[PDB]
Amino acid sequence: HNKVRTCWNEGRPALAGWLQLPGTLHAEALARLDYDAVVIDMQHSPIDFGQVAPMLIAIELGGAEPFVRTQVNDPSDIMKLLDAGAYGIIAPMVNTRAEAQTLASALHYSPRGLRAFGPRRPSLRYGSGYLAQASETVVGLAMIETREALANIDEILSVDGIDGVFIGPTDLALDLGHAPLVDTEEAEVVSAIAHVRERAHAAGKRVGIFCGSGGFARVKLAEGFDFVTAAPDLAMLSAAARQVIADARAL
């Protein structure tokens, strides 16, 4: 079973890890914490395909669903990640219904999409009866990061093969001419985020959001977000190190 789809099917949200550092050790350790999934960022990180492959194995062993935020919404890139046992896909900068159809096409075998058949690691997980439940094993979220995406939210949500949307708040803030701050209080950005959540739920589709703090994630969970990521390993490591230095130097 997909542990994020299990959470949803039991009427409960998913809390996810977010990794911008390559390596299997921190991936496994965070996966063993009370996270339902761990997302590997391949957009804003030095993580190439060579480095994601063993991190997906580490997350699965830790007992969380391996998710990937891809570099770009490219069909063949996403297919190769699925065949390496990425059981969740978050595609950045999905601005139109066609781009959302491009995402959906890659996540599903024919007749439902055009996904190429060679499921190396999924066939090892789910066995010979993988084809019949292949779509159920994978989670697909289109990212809302632009005024265009926000304007096209209704038509993006109408695409069948995506489970719903994942808001990128910093990029959404920036495109609306505001500060690209994580967990922004900016009234227009908060209003847009709330609007995207309501339309998603109105369409019978899931809504997720990127968070930079535990306190902000708690509010988003209380607001009824289905998928909540908190926080980037680098940001948490940087903050903890600064705090350790402060305590050590009596600052």
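In this text, residue numbers run from 1 along the sequence as written.
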What stretch has the higher average Cα B-factor here, 85-93 or 126-134? 126-134
Mean C-alpha B factor from the entry: is it higher for 70-78 or for 153-161? 153-161
Among modelled residues of the same chain, the CA temperature factor third for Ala116: lowest
Assert third(CA B-factor, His26) within chain per record equals lowest
With respect to C-alpha B-factor, does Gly215 fall in the lowest, middle or highest third of the chain as deposited? middle
CA B-factor placement of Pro169, once the chain's modelled residues are sorted into thirds: middle
Among the modelled residues of its chain, does the C-alpha B-factor of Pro54 lie in the lowest, middle or highest third? middle
